[PDB]
$ cat protein.csv   # CSV, C-alpha atoms
chain,number,residue,atom,x,y,z
O,1040,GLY,CA,132.4,129.1,89.5
O,1041,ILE,CA,130.0,131.0,91.8
O,1042,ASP,CA,126.8,130.8,89.7
O,1043,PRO,CA,124.1,133.5,90.4
O,1044,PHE,CA,121.3,131.2,89.3
O,1045,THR,CA,119.7,131.7,92.7
O,1046,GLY,CA,116.8,133.6,91.2
O,1047,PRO,CA,114.2,131.1,89.8
O,1048,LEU,CA,115.2,128.4,92.4
O,1049,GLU,CA,111.5,128.6,93.5
O,1050,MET,CA,110.7,125.8,91.0
O,1051,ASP,CA,113.2,123.4,92.4
O,1052,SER,CA,112.0,124.2,95.9
O,1053,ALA,CA,108.4,123.7,94.7
O,1054,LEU,CA,109.5,120.3,93.3
O,1055,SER,CA,110.6,119.4,96.7
O,1056,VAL,CA,107.2,120.3,98.1
O,1057,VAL,CA,105.4,118.1,95.6
O,1058,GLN,CA,107.9,115.3,96.2
O,1059,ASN,CA,107.0,115.7,99.9
O,1060,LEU,CA,103.3,115.6,98.9
O,1061,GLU,CA,103.6,112.2,97.2
O,1062,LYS,CA,105.4,110.8,100.3
O,1063,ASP,CA,102.8,112.4,102.5
O,1064,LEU,CA,100.1,110.5,100.8
O,1065,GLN,CA,102.4,107.4,100.7
O,1066,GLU,CA,102.0,107.2,104.4
O,1067,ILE,CA,98.3,107.8,104.0
O,1068,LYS,CA,97.9,105.1,101.4
O,1069,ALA,CA,99.3,102.5,103.9
O,1070,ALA,CA,97.3,104.2,106.7
O,1071,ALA,CA,94.0,104.0,104.7
O,1072,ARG,CA,94.8,100.4,103.7
O,1073,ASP,CA,95.3,99.6,107.4
O,1074,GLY,CA,92.3,101.6,108.5
O,1075,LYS,CA,93.9,104.6,110.1
O,1076,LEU,CA,93.2,107.8,108.2
O,1077,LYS,CA,91.5,110.7,110.0
O,1078,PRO,CA,87.9,109.6,110.2
O,1079,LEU,CA,86.7,112.7,112.0
O,1080,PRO,CA,83.4,113.8,110.4
O,1081,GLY,CA,83.9,117.4,111.4
O,1082,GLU,CA,84.4,118.3,107.8
O,1083,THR,CA,81.5,116.8,105.9
O,1084,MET,CA,82.0,115.0,102.5
O,1085,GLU,CA,80.0,117.8,100.8
O,1086,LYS,CA,82.6,120.3,102.0
O,1087,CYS,CA,85.6,118.1,101.2
O,1088,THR,CA,84.4,117.4,97.7
O,1089,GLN,CA,83.5,121.1,97.3
O,1090,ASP,CA,87.0,122.1,98.5
O,1091,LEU,CA,88.5,119.5,96.2
O,1092,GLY,CA,86.7,121.1,93.2
O,1093,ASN,CA,88.0,124.5,94.2
O,1094,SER,CA,91.5,123.1,94.8
O,1095,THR,CA,91.3,121.6,91.3
O,1096,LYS,CA,90.3,125.0,89.7
O,1097,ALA,CA,92.9,126.8,91.8
O,1098,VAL,CA,95.9,124.8,90.7
O,1099,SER,CA,94.5,124.7,87.2
O,1100,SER,CA,94.8,128.4,87.2
O,1101,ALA,CA,98.2,128.1,88.7
O,1102,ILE,CA,99.5,125.9,85.9
O,1103,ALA,CA,98.2,128.4,83.4
O,1104,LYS,CA,100.7,130.9,85.0
O,1105,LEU,CA,103.5,128.5,84.4
O,1106,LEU,CA,102.5,128.0,80.8
O,1107,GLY,CA,102.5,131.7,80.4
O,1108,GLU,CA,105.5,133.1,78.5
O,1109,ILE,CA,109.0,131.7,79.1
O,1110,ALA,CA,111.4,132.0,82.0
O,1111,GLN,CA,114.7,133.0,80.5
O,1112,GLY,CA,117.5,132.5,83.0
O,1113,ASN,CA,115.7,134.4,85.8
O,1114,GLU,CA,112.0,135.2,86.3
O,1115,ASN,CA,109.9,135.8,89.4
O,1116,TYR,CA,106.4,134.8,88.1
O,1117,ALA,CA,107.8,131.5,87.1
O,1118,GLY,CA,108.8,130.9,90.7
O,1119,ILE,CA,105.6,132.4,92.1
O,1120,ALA,CA,103.5,130.2,89.9
O,1121,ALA,CA,105.6,127.2,91.0
O,1122,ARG,CA,104.7,128.1,94.5
O,1123,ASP,CA,101.1,128.5,93.5
O,1124,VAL,CA,100.8,125.0,92.0
O,1125,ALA,CA,102.4,123.5,95.1
O,1126,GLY,CA,99.8,125.1,97.3
O,1127,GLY,CA,96.9,124.0,95.1
O,1128,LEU,CA,98.3,120.4,95.1
O,1129,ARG,CA,98.4,120.4,98.9
O,1130,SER,CA,94.8,121.6,99.1
O,1131,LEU,CA,93.9,119.0,96.5
O,1132,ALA,CA,95.6,116.1,98.4
O,1133,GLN,CA,94.3,117.2,101.8
O,1134,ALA,CA,90.7,117.4,100.5
O,1135,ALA,CA,91.0,114.0,98.7
O,1136,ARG,CA,92.4,112.2,101.8
O,1137,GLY,CA,89.5,113.7,103.8
O,1138,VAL,CA,87.0,112.2,101.4
O,1139,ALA,CA,88.7,108.8,101.8
O,1140,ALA,CA,88.6,109.2,105.6
O,1141,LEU,CA,84.9,110.0,105.6
O,1142,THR,CA,83.8,107.1,103.5
O,1143,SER,CA,84.0,103.6,104.8
O,1144,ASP,CA,84.0,101.8,101.5
O,1145,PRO,CA,87.3,100.0,100.9
O,1146,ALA,CA,87.5,100.9,97.2
O,1147,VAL,CA,86.7,104.5,96.7
O,1148,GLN,CA,89.1,105.3,99.5
O,1149,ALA,CA,92.1,104.1,97.4
O,1150,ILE,CA,90.6,105.6,94.2
O,1151,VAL,CA,90.3,109.2,95.6
O,1152,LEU,CA,93.9,109.1,96.9
O,1153,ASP,CA,95.2,107.4,93.8
O,1154,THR,CA,93.8,110.2,91.5
O,1155,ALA,CA,95.2,112.8,93.8
O,1156,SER,CA,98.6,111.0,93.7
O,1157,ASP,CA,98.3,110.9,89.9
O,1158,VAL,CA,97.8,114.7,90.0
O,1159,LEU,CA,101.0,115.4,91.9
O,1160,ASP,CA,102.8,112.7,89.8
O,1161,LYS,CA,102.2,114.6,86.6
O,1162,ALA,CA,102.6,117.9,88.4
O,1163,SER,CA,106.1,116.7,89.4
O,1164,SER,CA,107.2,116.5,85.8
O,1165,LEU,CA,105.3,119.7,85.1
O,1166,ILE,CA,107.7,121.4,87.5
O,1167,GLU,CA,110.7,119.2,86.3
O,1168,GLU,CA,110.1,120.4,82.7
O,1169,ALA,CA,109.6,124.0,83.9
O,1170,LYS,CA,112.9,123.8,85.8
O,1171,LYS,CA,114.6,122.9,82.5
O,1172,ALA,CA,112.6,125.5,80.6
O,1173,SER,CA,113.8,128.2,83.0
O,1174,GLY,CA,117.3,127.5,81.8
O,1175,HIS,CA,116.2,127.9,78.2
O,1176,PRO,CA,115.7,131.4,76.7
O,1177,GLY,CA,112.6,130.3,74.9
O,1178,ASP,CA,112.8,126.6,74.1
O,1179,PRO,CA,110.2,125.2,71.5
O,1180,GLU,CA,110.2,121.6,72.6
O,1181,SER,CA,110.2,122.3,76.3
O,1182,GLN,CA,107.1,124.4,76.1
O,1183,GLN,CA,105.4,121.8,73.9
O,1184,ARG,CA,106.0,119.1,76.5
O,1185,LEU,CA,105.2,121.5,79.3
O,1186,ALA,CA,101.8,122.1,77.8
O,1187,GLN,CA,101.1,118.4,77.4
O,1188,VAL,CA,102.0,117.6,81.0
O,1189,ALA,CA,100.1,120.6,82.3
O,1190,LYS,CA,97.0,119.2,80.7
O,1191,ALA,CA,97.8,115.8,82.1
O,1192,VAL,CA,97.6,117.4,85.6
O,1193,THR,CA,94.2,118.9,84.6
O,1194,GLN,CA,93.0,115.5,83.4
O,1195,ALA,CA,94.0,113.9,86.7
O,1196,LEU,CA,92.3,116.7,88.6
O,1197,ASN,CA,89.1,116.2,86.6
O,1198,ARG,CA,89.4,112.5,87.2
O,1199,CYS,CA,89.8,113.0,90.9
O,1200,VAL,CA,86.6,115.0,91.2
O,1201,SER,CA,84.9,112.5,89.0
O,1202,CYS,CA,85.9,109.4,91.0
O,1203,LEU,CA,84.4,111.0,94.2
O,1204,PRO,CA,81.8,108.9,95.9
O,1205,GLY,CA,78.4,110.4,94.9
O,1206,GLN,CA,76.5,107.2,94.3
O,1207,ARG,CA,73.1,107.9,95.8

$ encode --input "protein.csv" --output "structure tokens"
Amino acid sequence: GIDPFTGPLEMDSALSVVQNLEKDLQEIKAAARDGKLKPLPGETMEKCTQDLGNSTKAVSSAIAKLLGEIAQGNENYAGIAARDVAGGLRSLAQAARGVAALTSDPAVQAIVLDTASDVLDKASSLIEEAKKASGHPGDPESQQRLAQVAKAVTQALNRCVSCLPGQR
């Protein structure tokens, strides 16, 4: 017993963060549906959508760090990058939910949150796969699937910024 696998536990911890992120927006989904949200127009939609785009590019850079090399047993960057994605996903979700709160149209509100939720959804399995890959001294299949799910996160991000209300 007594396993010293306490090195790359950052990924599992990051998974928890993302799983808290989905449940964060879970409350927000119901809230937006009800008509709660945070409709404070202090942050203008231009800024929220701008931040959303930056958040997108941020975590897109973060996933590239996860898809870089392989974590064999213990690795620090693997954990740091797992923290970096989590931060980007928070920023993503926070900007998206702001957009929904600023708009009064009961359609785009759900769409902006849904896409953000789809991001973290795929990002979850991104971390899940990475968790498994960290226990593999260079696994072929794990990295193949990891790359696929990484891009799925990117697609969701790109879809979120696309579904933003800009119909003028």

$ residues_near_point --input "protein.csv" --point "(116.7, 133.4, 91.7)" --cutoff "10 Å" --atoms "all atoms listed in the file" --output "list in words"
residues 1043, 1044, 1045, 1046, 1047, 1048, 1049, 1050, 1112, 1113, 1114, 1115 and 1118 of chain O

$ write_last_selection --input "protein.csv" --atoms "C-alpha atoms" --output "CSV table (one decimal), in the frame of the given file"
chain,number,residue,atom,x,y,z
O,1043,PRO,CA,124.1,133.5,90.4
O,1044,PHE,CA,121.3,131.2,89.3
O,1045,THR,CA,119.7,131.7,92.7
O,1046,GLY,CA,116.8,133.6,91.2
O,1047,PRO,CA,114.2,131.1,89.8
O,1048,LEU,CA,115.2,128.4,92.4
O,1049,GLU,CA,111.5,128.6,93.5
O,1050,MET,CA,110.7,125.8,91.0
O,1112,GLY,CA,117.5,132.5,83.0
O,1113,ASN,CA,115.7,134.4,85.8
O,1114,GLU,CA,112.0,135.2,86.3
O,1115,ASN,CA,109.9,135.8,89.4
O,1118,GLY,CA,108.8,130.9,90.7

$ atom_distance --input "protein.csv" --atom1 "atom CA of residue 1155 of chain O" --atom2 "atom CA of residue 1192 of chain O"
9.7 Å

$ closest_residue --input "protein.csv" --among "O:1164, O:1173, O:1182, O:1094" --to "residue 1117 of chain O" --atoms "only C-alpha atoms"
O:1173

$ atom_distance --input "protein.csv" --atom1 "atom CA of residue 1144 of chain O" --atom2 "atom CA of residue 1093 of chain O"
24.2 Å

$ atom_distance --input "protein.csv" --atom1 "atom CA of residue 1177 of chain O" --atom2 "atom CA of residue 1111 of chain O"
6.6 Å

$ build_atoms --input "protein.csv" --residues "segment 1069-1101 of chain O" --atoms "N, CA and C atoms" --output "PDB file, keeping the file's coordinate frame"
ATOM      1  N   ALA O1069      99.112 103.653 102.968  1.00  0.00           N
ATOM      2  CA  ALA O1069      99.300 102.500 103.900  1.00  0.00           C
ATOM      3  C   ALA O1069      98.336 102.664 105.070  1.00  0.00           C
ATOM      4  N   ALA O1070      98.170 103.892 105.552  1.00  0.00           N
ATOM      5  CA  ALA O1070      97.300 104.200 106.700  1.00  0.00           C
ATOM      6  C   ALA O1070      95.836 103.837 106.327  1.00  0.00           C
ATOM      7  N   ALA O1071      95.391 104.277 105.156  1.00  0.00           N
ATOM      8  CA  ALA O1071      94.000 104.000 104.700  1.00  0.00           C
ATOM      9  C   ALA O1071      93.810 102.527 104.491  1.00  0.00           C
ATOM     10  N   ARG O1072      94.818 101.875 103.925  1.00  0.00           N
ATOM     11  CA  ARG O1072      94.800 100.400 103.700  1.00  0.00           C
ATOM     12  C   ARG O1072      94.645  99.708 105.049  1.00  0.00           C
ATOM     13  N   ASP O1073      95.379 100.175 106.049  1.00  0.00           N
ATOM     14  CA  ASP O1073      95.300  99.600 107.400  1.00  0.00           C
ATOM     15  C   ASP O1073      94.025  99.918 108.086  1.00  0.00           C
ATOM     16  N   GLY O1074      93.537 101.128 107.865  1.00  0.00           N
ATOM     17  CA  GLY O1074      92.300 101.600 108.500  1.00  0.00           C
ATOM     18  C   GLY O1074      92.533 102.671 109.487  1.00  0.00           C
ATOM     19  N   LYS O1075      93.557 103.473 109.243  1.00  0.00           N
ATOM     20  CA  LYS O1075      93.900 104.600 110.100  1.00  0.00           C
ATOM     21  C   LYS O1075      93.144 105.854 109.653  1.00  0.00           C
ATOM     22  N   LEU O1076      93.737 106.562 108.681  1.00  0.00           N
ATOM     23  CA  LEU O1076      93.200 107.800 108.200  1.00  0.00           C
ATOM     24  C   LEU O1076      92.826 108.787 109.317  1.00  0.00           C
ATOM     25  N   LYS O1077      92.052 109.809 108.991  1.00  0.00           N
ATOM     26  CA  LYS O1077      91.500 110.700 110.000  1.00  0.00           C
ATOM     27  C   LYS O1077      89.993 110.752 109.819  1.00  0.00           C
ATOM     28  N   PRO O1078      89.280 109.800 110.436  1.00  0.00           N
ATOM     29  CA  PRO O1078      87.900 109.600 110.200  1.00  0.00           C
ATOM     30  C   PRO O1078      86.960 110.540 110.990  1.00  0.00           C
ATOM     31  N   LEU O1079      87.482 111.719 111.282  1.00  0.00           N
ATOM     32  CA  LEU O1079      86.700 112.700 112.000  1.00  0.00           C
ATOM     33  C   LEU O1079      85.740 113.418 111.018  1.00  0.00           C
ATOM     34  N   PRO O1080      84.436 113.255 111.271  1.00  0.00           N
ATOM     35  CA  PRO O1080      83.400 113.800 110.400  1.00  0.00           C
ATOM     36  C   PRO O1080      83.050 115.250 110.726  1.00  0.00           C
ATOM     37  N   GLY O1081      84.049 115.999 111.184  1.00  0.00           N
ATOM     38  CA  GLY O1081      83.900 117.400 111.400  1.00  0.00           C
ATOM     39  C   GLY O1081      83.691 118.155 110.115  1.00  0.00           C
ATOM     40  N   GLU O1082      84.538 117.814 109.160  1.00  0.00           N
ATOM     41  CA  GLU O1082      84.400 118.300 107.800  1.00  0.00           C
ATOM     42  C   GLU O1082      83.561 117.269 107.014  1.00  0.00           C
ATOM     43  N   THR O1083      82.370 117.670 106.611  1.00  0.00           N
ATOM     44  CA  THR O1083      81.500 116.800 105.900  1.00  0.00           C
ATOM     45  C   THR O1083      81.959 116.560 104.458  1.00  0.00           C
ATOM     46  N   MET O1084      81.562 115.433 103.879  1.00  0.00           N
ATOM     47  CA  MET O1084      82.000 115.000 102.500  1.00  0.00           C
ATOM     48  C   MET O1084      81.632 116.095 101.510  1.00  0.00           C
ATOM     49  N   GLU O1085      80.481 116.735 101.700  1.00  0.00           N
ATOM     50  CA  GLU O1085      80.000 117.800 100.800  1.00  0.00           C
ATOM     51  C   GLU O1085      81.059 118.933 100.759  1.00  0.00           C
ATOM     52  N   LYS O1086      81.648 119.241 101.908  1.00  0.00           N
ATOM     53  CA  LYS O1086      82.600 120.300 102.000  1.00  0.00           C
ATOM     54  C   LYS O1086      83.960 119.899 101.441  1.00  0.00           C
ATOM     55  N   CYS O1087      84.357 118.667 101.731  1.00  0.00           N
ATOM     56  CA  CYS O1087      85.600 118.100 101.200  1.00  0.00           C
ATOM     57  C   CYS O1087      85.626 118.017  99.724  1.00  0.00           C
ATOM     58  N   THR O1088      84.511 117.559  99.168  1.00  0.00           N
ATOM     59  CA  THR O1088      84.400 117.400  97.700  1.00  0.00           C
ATOM     60  C   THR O1088      84.279 118.809  97.066  1.00  0.00           C
ATOM     61  N   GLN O1089      83.653 119.744  97.772  1.00  0.00           N
ATOM     62  CA  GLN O1089      83.500 121.100  97.300  1.00  0.00           C
ATOM     63  C   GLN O1089      84.903 121.784  97.277  1.00  0.00           C
ATOM     64  N   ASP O1090      85.651 121.590  98.356  1.00  0.00           N
ATOM     65  CA  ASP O1090      87.000 122.100  98.500  1.00  0.00           C
ATOM     66  C   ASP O1090      87.899 121.516  97.426  1.00  0.00           C
ATOM     67  N   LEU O1091      87.702 120.222  97.192  1.00  0.00           N
ATOM     68  CA  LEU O1091      88.500 119.500  96.200  1.00  0.00           C
ATOM     69  C   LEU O1091      88.279 120.119  94.810  1.00  0.00           C
ATOM     70  N   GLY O1092      87.027 120.422  94.476  1.00  0.00           N
ATOM     71  CA  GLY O1092      86.700 121.100  93.200  1.00  0.00           C
ATOM     72  C   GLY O1092      87.386 122.419  93.092  1.00  0.00           C
ATOM     73  N   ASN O1093      87.352 123.186  94.174  1.00  0.00           N
ATOM     74  CA  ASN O1093      88.000 124.500  94.200  1.00  0.00           C
ATOM     75  C   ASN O1093      89.495 124.377  94.105  1.00  0.00           C
ATOM     76  N   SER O1094      90.053 123.412  94.833  1.00  0.00           N
ATOM     77  CA  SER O1094      91.500 123.100  94.800  1.00  0.00           C
ATOM     78  C   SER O1094      91.895 122.794  93.344  1.00  0.00           C
ATOM     79  N   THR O1095      91.051 122.013  92.679  1.00  0.00           N
ATOM     80  CA  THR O1095      91.300 121.600  91.300  1.00  0.00           C
ATOM     81  C   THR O1095      91.365 122.896  90.411  1.00  0.00           C
ATOM     82  N   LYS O1096      90.360 123.759  90.495  1.00  0.00           N
ATOM     83  CA  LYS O1096      90.300 125.000  89.700  1.00  0.00           C
ATOM     84  C   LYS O1096      91.440 125.924  90.047  1.00  0.00           C
ATOM     85  N   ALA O1097      91.810 125.928  91.323  1.00  0.00           N
ATOM     86  CA  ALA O1097      92.900 126.800  91.800  1.00  0.00           C
ATOM     87  C   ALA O1097      94.212 126.455  91.136  1.00  0.00           C
ATOM     88  N   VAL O1098      94.656 125.208  91.257  1.00  0.00           N
ATOM     89  CA  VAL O1098      95.900 124.800  90.700  1.00  0.00           C
ATOM     90  C   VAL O1098      95.862 124.757  89.153  1.00  0.00           C
ATOM     91  N   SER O1099      94.657 124.583  88.612  1.00  0.00           N
ATOM     92  CA  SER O1099      94.500 124.700  87.200  1.00  0.00           C
ATOM     93  C   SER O1099      94.750 126.081  86.672  1.00  0.00           C
ATOM     94  N   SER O1100      94.448 127.063  87.511  1.00  0.00           N
ATOM     95  CA  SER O1100      94.800 128.400  87.200  1.00  0.00           C
ATOM     96  C   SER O1100      96.252 128.697  87.392  1.00  0.00           C
ATOM     97  N   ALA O1101      96.833 127.989  88.354  1.00  0.00           N
ATOM     98  CA  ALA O1101      98.200 128.100  88.700  1.00  0.00           C
ATOM     99  C   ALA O1101      99.125 127.598  87.530  1.00  0.00           C
TER     100      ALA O1101
END
